[PDB]
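Q:
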Amino acid sequence: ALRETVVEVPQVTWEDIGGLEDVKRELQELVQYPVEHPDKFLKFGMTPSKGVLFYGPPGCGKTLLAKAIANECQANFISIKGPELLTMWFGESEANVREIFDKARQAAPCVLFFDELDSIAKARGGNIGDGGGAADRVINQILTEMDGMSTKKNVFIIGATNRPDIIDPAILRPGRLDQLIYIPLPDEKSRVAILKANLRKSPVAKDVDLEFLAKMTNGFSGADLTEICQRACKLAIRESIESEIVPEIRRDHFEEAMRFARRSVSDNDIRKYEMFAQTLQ
Amino acid sequence: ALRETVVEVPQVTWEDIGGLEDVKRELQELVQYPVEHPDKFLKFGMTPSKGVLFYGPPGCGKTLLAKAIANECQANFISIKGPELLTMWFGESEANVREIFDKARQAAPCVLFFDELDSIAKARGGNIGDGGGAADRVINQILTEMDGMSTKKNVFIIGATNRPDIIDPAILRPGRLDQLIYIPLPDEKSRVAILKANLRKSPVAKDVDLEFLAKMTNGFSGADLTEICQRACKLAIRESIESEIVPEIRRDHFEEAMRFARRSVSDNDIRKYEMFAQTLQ
Amino acid sequence: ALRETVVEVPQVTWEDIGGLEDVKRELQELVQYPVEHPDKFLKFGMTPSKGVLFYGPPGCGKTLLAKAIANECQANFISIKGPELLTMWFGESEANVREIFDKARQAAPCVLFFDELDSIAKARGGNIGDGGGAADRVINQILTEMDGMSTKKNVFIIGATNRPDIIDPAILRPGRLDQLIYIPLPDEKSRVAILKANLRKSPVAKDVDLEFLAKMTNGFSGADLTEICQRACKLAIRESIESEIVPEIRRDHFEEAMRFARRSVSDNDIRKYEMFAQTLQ
Amino acid sequence: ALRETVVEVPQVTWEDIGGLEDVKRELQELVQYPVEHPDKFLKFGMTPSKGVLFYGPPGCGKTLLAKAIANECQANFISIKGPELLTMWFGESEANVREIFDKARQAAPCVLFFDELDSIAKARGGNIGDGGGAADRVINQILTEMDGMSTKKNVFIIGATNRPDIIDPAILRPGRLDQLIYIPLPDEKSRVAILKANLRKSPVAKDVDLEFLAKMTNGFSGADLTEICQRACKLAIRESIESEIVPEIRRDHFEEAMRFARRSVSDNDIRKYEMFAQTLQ
Amino acid sequence: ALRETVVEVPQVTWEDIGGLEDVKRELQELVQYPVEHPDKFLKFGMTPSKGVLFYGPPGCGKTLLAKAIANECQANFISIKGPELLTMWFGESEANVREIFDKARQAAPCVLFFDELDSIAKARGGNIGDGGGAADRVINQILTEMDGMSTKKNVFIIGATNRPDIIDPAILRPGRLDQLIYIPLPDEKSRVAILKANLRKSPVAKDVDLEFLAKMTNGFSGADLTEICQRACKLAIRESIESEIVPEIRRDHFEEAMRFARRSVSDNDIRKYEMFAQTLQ
Amino acid sequence: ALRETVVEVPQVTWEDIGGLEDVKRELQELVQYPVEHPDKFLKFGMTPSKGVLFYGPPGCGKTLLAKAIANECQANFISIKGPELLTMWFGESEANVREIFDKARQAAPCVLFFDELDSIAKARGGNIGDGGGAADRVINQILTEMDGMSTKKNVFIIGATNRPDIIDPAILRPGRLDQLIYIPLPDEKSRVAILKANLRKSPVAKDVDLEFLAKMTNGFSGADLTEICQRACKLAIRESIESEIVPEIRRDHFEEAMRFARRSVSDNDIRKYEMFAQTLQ
Amino acid sequence: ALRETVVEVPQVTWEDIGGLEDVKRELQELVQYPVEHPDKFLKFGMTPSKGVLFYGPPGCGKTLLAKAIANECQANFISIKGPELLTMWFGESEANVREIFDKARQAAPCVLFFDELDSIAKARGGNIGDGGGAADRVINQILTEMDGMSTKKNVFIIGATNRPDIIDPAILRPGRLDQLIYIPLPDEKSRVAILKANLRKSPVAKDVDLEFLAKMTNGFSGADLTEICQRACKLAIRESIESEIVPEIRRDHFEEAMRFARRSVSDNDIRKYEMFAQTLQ
Ligand SMILES: Nc1ncnc2c1ncn2[C@@H]1O[C@H](COP(=O)(O)OP(=O)(O)O)[C@@H](O)[C@H]1O
Ligand SMILES: Nc1ncnc2c1ncn2[C@@H]1O[C@H](COP(=O)(O)OP(=O)(O)O)[C@@H](O)[C@H]1O
Ligand SMILES: Nc1ncnc2c1ncn2[C@@H]1O[C@H](COP(=O)(O)OP(=O)(O)O)[C@@H](O)[C@H]1O
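Protein chains in written order, with the deposited numbering: chain M, 463 to 707, 728 to 763; chain H, 463 to 707, 728 to 763; chain G, 463 to 707, 728 to 763; chain C, 463 to 707, 728 to 763; chain B, 463 to 707, 728 to 763; chain A, 463 to 707, 728 to 763; chain N, 463 to 707, 728 to 763.
1) Quick one: which chain H residues come within Cβ less than 7 Å of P472 of chain M?
2) Using C-beta distances below 7 Å, list every residue in its chain close to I531 of chain B, excluding the 5 sequence neighbours before and after it, in chain order.
3) Please list the partners that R586 of chain A has in chain B, where partner means a Cβ-to-Cβ separation under 7 Å.
4) Return the CA-CA distance between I703 of chain H and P500 of chain G, expressed in angstroms with no decimal places.
5) List the residues of chain N whose Cβ lies closer than 7 Å to the Cβ of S705 of chain A, in chain order.
6) Output yes if chain A places a C-beta closer than 7 Å to the C-beta of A557 of chain N; else output no.
7) Touching or not, the stretch 528-546 of chain H and the stretch 464-472 of chain H, by the rule of three or more beta carbon pairs under 8 Å?
8) Compare the C-beta of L547 of chain G with all C-beta atoms of chain C and state if any pair is closer than 7 Å.
9) Measure from the C-beta of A597 of chain N to each C-beta in chain A and report whether the shortest distance is under 7 Å.
10) At the 7 Å Cβ level, is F552 of chain N part of the contact set with chain M, yes or no?
11) Can you pull out the residues from the stretch 528-543 of chain G whose beta carbon lies closer than 8 Å to at least one beta carbon of chain H?
12) Residue range of the alpha helix (DSSP H) that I540 of chain G falls in?
13) Please state the DSSP three-state secondary structure of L547 of chain C.
14) If we count the other Cβ atoms within 10 Å of its Cβ and call it buried at 16 or more, is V485 of chain N buried or exposed?
15) Quick one: Cα of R733 of chain N to Cα of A667 of chain M, how far?
16) Name the two residues that bound the continuous beta strand (DSSP E) containing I643 of chain G.
17) Measuring alpha carbon to alpha carbon, tell me which of N:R599, N:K658, N:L526 ends up nearest residue 725 of chain A.
18) Please name the residues in the stretch 562-592 of chain A whose beta-carbon is closer than 9 Å to at least one beta-carbon of chain B, in chain order.
19) Are there any heavy atoms of ligand 3 lying less than 6 Å away from the beta-carbon of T688 of chain A, as far as the coordinates show?
20) My parser needs the alpha helix (DSSP H) runs of 4 or more residues fully inside the stretch 463-529 of chain H; what are they?
21) If you follow the alpha helix (DSSP H) that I604 of chain G is part of, which residue opens it and which one closes it?
22) Given the structure, does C522 of chain A come close to ligand 3, in the sense that its CB is under 6 Å from one of the ligand's heavy atoms?
23) Using a C-beta cutoff of 7 Å, does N624 of chain B count as contacting chain C?
Here it is in structure tokens:
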């Protein structure tokens, strides 16, 4: 029953991504440089990498990064998510992976982006599991489709997962997703950037202090912070539409939005990433 | 063997819903405002949400809310319930979820409402379960059909469950059912409203004291309260048809109706929802 | 391999049912009143119920009731029993439930009556069971067919079970078999009515004291009582055909019939029903 | 792969059956009286029974009874045995049960006799068993075919089993095999009858004392007793053919036949039947 | 994949069978007498038996007996062995049993001989086993084909097994293989006969003392004895062909043949047969 | 997916086999003598054997024997190996065993040679195993094809296994692979023969002392010894081709070849064969 | 769903392989000598080997060697990797192995190279496993396709595994992958060679000391060393492109590259290989 493969031009750019300067640069070095300086790669000899795996807690910009990089390269973007993998897994129809790769090859230059890579693992038991090993029909197909996919087309693959412990190791061997990259929770400074980025296209009241909001937040992932802004907006809109029946999103809106701030990632989980992040890096 | 997908116009409005003022407002803000004020959403930038998940104990108005909102927006309403999901699960026919989504897309503006979202979970063991993870072929389909369903059609998805502990987490990721909303048991005041709402289209004897009946009921859910009225009616009808072979539903009818008042939700369960409600919110 | 669906006109009336006055009334209030007084239901607003679940020990008239009600309403009666459900279960042919529901809809006004509701439950392990939850492909089908079956046709559904502990709870949700009704063992007075009813069409000797027979019997179900009469008859018939090679069924025939009186329901079981009957009501 | 259904006229009569006077009478009262005195059954009202279940240890005449009764009523006899049921079970072809019932219906008046009723139960594990409950596809089909088989045809069903503890209880509900009948090991007097019956068509030497042989035998079933006579004959025949290369089966033949007398039923088993016989009656 | 059913005329006669005089006689009385003296069977009334089950340790002449008796009756002989039964069991092709029975019916007068009857039992686990009871699809088929096979054709069925503990008991019921016969290890005298028999068609040196060889051998079965002779021959042959590059099988050949004498059956096993033989007879 | 059955003329003769004089003789007595002296077999009566099973540790000449014998008899040779059997096992295509047997029958006189007989047993768990008994669909076929294969064709069957403990016992019954033969590790003298045989077609330097090499080697199987020669050759060739850019394989080559001498069979294993060899012989 | 079999000419030569002089030589002796000196192999008699199994820790040049050897012989190279094997395993399509072997046969002279030979073993549980033995449908097919593949075509098979403990032993029998070869972690000297080889086609700054880097690295595999160079390059490139918006990869680049050196193989694993390497050699 496989959904339809949608190529698209990534709407998002580096400006919408708070922080992660280091990876932005590193990403460019992995896709820009090989295409825009093929001369320098031929000069020094070394040939580029097929793909990258982002791992990290949820809501930290694994997707923004995959899209921004596509958009920066002015390239096409295909996004295969968890449920789509799982459909092929449940329906035994992993042959469609071929189709996905076709559509990316034909849409070259293209970043093909497998989000929620771990979702089959999870689906068969995850942490504990069933009988066999990390291999599964669908991811396995991805890996062939990746072995057979000539380095010299213009398709860049990016995987993302927030449960790298359960990912099949074969994904990481040379010639596949070689570059492990950890996208961590946002720090002190980064949370500021993330707020600014999230409010770039918004009428932020002058007084509202984000540098402070950033001090107020921790196990707060980008997603968590975006959630705050949105509640603040929804408050300003409801506060606007109220008065008529005057629009700048202001202090007391953020204040009252803060009354419902959650943290998606708990400390245990965070700890767990550092463990993953230690061996994995 | 899939049943026939029935589009319909929701018969029920906010007046038939006792209490829940806060959510009613919140719901409007999620569906009315984006459609009737696209200008304000484009002004502040933020784009609306695809869907909502109501969780709560049974008989508290999760359906009334999904219908009232559709009716308020003067929109179509499709309802897929537990047994329908289970059919596709037993018959391995989840491809029909595509059909359901077509039917909703084609009937846009539409609220597509998946009640008893947890019923496959229960069916495969629930709390304890089988080998694998939360994923199952049918919900997974819903999820694809929801990824592939352009935000810009006019289809609004609402899930309902009373066993949110067993719902697949993927349902809650961004771009799906983002808005968790808890529909709790009705409180002191609310029970009054619910009784009034339930008796709006009825000859209530003047003396009959609802504010009191409300004090009399606790772990009483909206369903439970309705049940009382109905017994009161059935008593008045039986008491009417009796005299001939004089119609206003009166004090002693409710009194004798009360002699059979149950509570659908037990305190343990209630406690469990607060647990769910704590982490989940 | 599904048997052939037989619509029929119920041969049996209230006179054949001993005792249960309360439920007889209640049953009428559930099917008569909505049809023969649609005006009063529209006046008070409340809309009628789709169906009813009788539970209780075996041999207490859960069938008699389902039939007599159909006959009173001068309606058609379809009976699906255990073995029929089991056939669909074993043959994986639950699509036939559809056909049954068609045949009912087409023979409207009709009481469709699913006796032995629990029989698949028993078949898969019952009290202890297999892996999964209460759902099974066949009952589930009944539930879809019932969700999809417009309230406004003229089909009234009635389930019966004597193992309501193993019934799938979904069967009891609103819009399904909402009305739980307990048909208990016959009491003191009831036993007399049941003997009278069973002998209505019989030459009972004048002396024969039933009010006494009633005192003699306890965990005696209607079925058990019928069994006595029958042995009494068989005794009179054998006693008759004897003399020739003089017909009124008399004292000493009942006396000698009593020499083989069993009780189908044991006290433990009975106790169990009260437990079921406590939570369930 | 189902065997061919053979209608036949029962060769055996009451004379060939030793003892069991009580049941012979009872059997007649259950099949003769309703057919040859429909007037008396209509007079007293009571309607006849569809069938009967003999249970008992093996070799006690459960079969002879089923045949004699058919032959007395000058009726047709169909015999389905264990291996035939099992064939349908293994081959999943229970739909043939229909065919059998057709053949019986078409050959009416008929006794349809299911011997070794328990043989599926045994095959699946019996005493201990598999996962599920007493129901199985094949017996179940017998049960439908019997519900759907109008009381008013002329087909009388008889089941036999020596392991009633493992029979599905549904077989015993009203309208099915209502009449449980225990066919016990032969007693003191009966053993004499059984010997006489078995030798009715034989040249028994005048001196040979059976009343004594009867004293000599206990856990001896009809079958076991027959076995003795046969060894006696085989001895006389071998003793006859011997002399030529003079025929009356005599004392010393029985004497030397007794040197190999077995008892098919052991005391534990017998005990077990009394347990079954206690609750079951 | 079922092998081809071969009818044949039994090459072997009573002379080739050492000992077992008692059963030879008994076998004749079961097959000769009914056919060559139908008058005497009709005179005394008793009707003959359908078949016989030989059980006992391996290499004791269960096959010779089955053949010799066919040959004596100048009849055809079909031999179905273990691997052939197993083929039907693995292949789920027990319907071929029908074909075997046809071929036998058509070749009448015939002894149909199912050797290694226990071989499916063994194959599913034997002594310990799998879930279910003694029934299996293949043996079951044999049983039906035996119930349906009219007594009045001329086909005589013989089973053999050396693991009667795992045989299905149904095979022993009346109308099937009624005659249990134990073929025990050969005794003192028998071993002599067996040697003579086995040497009937051989140049045995005059001096060679078999009555002694017989004293020398115990847990020796016919097969074991045969094995000796064979080594003795092989010695003589090799001793013959040697001299040229003088033929009477002599003392020192048996002597040196004895240096390799085994016993196929061990005392434990033997003990086990006596146990089987005790209850079974 | 069965491989293609290849008839061939065995290239190898007794000269290429070191040691095993006793078996070579024995083998001849089992195939030569019956064919080249049918008179003597008819004279003494005894009829020849259908086949032979060689068991022993690996690399001891089980194959060489099977071939040499075929070649001596100037006969055809078919070799089915482990993976071929396993293919039929995995693919459920044991019907091909028929085809193999045809092809052998048609190429008669022929030695059909089933090497690695135990490989299915191994494949299903071996020592510990799965649920059932020794029987498996493929070996079982080989047995039928061997029962059905007339003694009087000219096909001689030889099996080989180094795990006789796990071989199905049925293979050893009379009329199948009756002759067990143990092919043990080569002893002191044998090792010399094996070296000479292995070097028969080689320029062995005069000085090189094999009788010594023989003293140096133990748990050394023929295979292991062969391996040494080969390393010696490879040394002489590399040592030859070296000098040009002089050929007799000499002392220091063997010396340096010895620096890499392994033993395929470990003492535990060897012990295990003696256990097998004890009961088995 | 099997991927497309790609013949190719190996791009890589001995120069690209650091160290392993011994095996390079040994490899040539196994493929060159038989083809380029068929005269010398015919002279000494010995016939060449079909194939080779490299086992060792990951990233040590098992692939390089397979390729370099093909390239040296100026031959074609087919690479079947793990995921391809797994595809046939999951899809039960091992018949494609035939196709692979055809394509290799048709591309002769060819080295056919099965990398990750152990990947099914792993997939079914590996170290612990499932019920059965080492055999599996796909590898088994490889083995047949290797038995049937005439020694006299020009196809040379090479396996590679880093989990030789779980490899099916049958792969190692004569006539298959006879040559076990251990490719160990690179030692002291080797690491220098590997760095040089890895930088052959690179502008290495004169000062940069590799002999030192070699001292710095241990459980460092060729892959791990490569990884260092690459980070050094990436640093020089990033450092180059930086300055414009000057190219020789220099000291401080390696220095900073060293700040992220991992070791792919841990000491436990290393230990494990020595264990494998001890028995296996
Ligand atoms: N209340 C009753 N009044 C009269 N007869 C009854 C009653 N309950 C039972 N019987 C006798 O027992 C039989 C079984 O009743 P039924 O309603 O079929 O049992 P259940 O309650 O198991 O459905 C009836 O046919 C009748 O002969
Ligand atoms: N009673 C016997 N008399 C003569 N030979 C026998 C006897 N029992 C066995 N043999 C030898 O052993 C072989 C196996 O006998 P058979 O009857 O096939 O064994 P089973 O009893 O296992 O069927 C016979 O072919 C014959 O060579
Ligand atoms: N007895 C032997 N004489 C000479 N060479 C032998 C002997 N046993 C083994 N070899 C060497 O070992 C190889 C394997 O022998 P083979 O018979 O195939 O082993 P198996 O005994 O496992 O069947 C032979 O091809 C030969 O090179």
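Where a beta carbon is used, it is the ideal one built from N, C-alpha and C, also for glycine.
A: Let me spell this out:
1) Within 7 Å Cβ-Cβ: nothing; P472 of chain M doesn't reach chain H, min ~15 Å.
2) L489, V493, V573
3) Chain B residues near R586 of chain A: none, gap ~13 Å exceeds 7 Å.
4) 13 Å
5) Going along chain N, no residue has its Cβ under 7 Å from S705 of chain A, so there is no contact; the nearest lies around 12 Å.
6) yes
7) yes
8) no
9) yes
10) yes
11) none
12) Looking at the DSSP string, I540 of chain G is not in any alpha helix (DSSP H); the run it does join, the beta strand (DSSP E), is 538-542.
13) helix
14) buried
15) 52 Å
16) 641-644
17) Because chain A is numbered 707 and then 728 with no intervening positions, residue 725 of chain A cannot be located in this model.
18) none
19) yes
20) 483-498, 500-506
21) 599-609
22) yes
23) no
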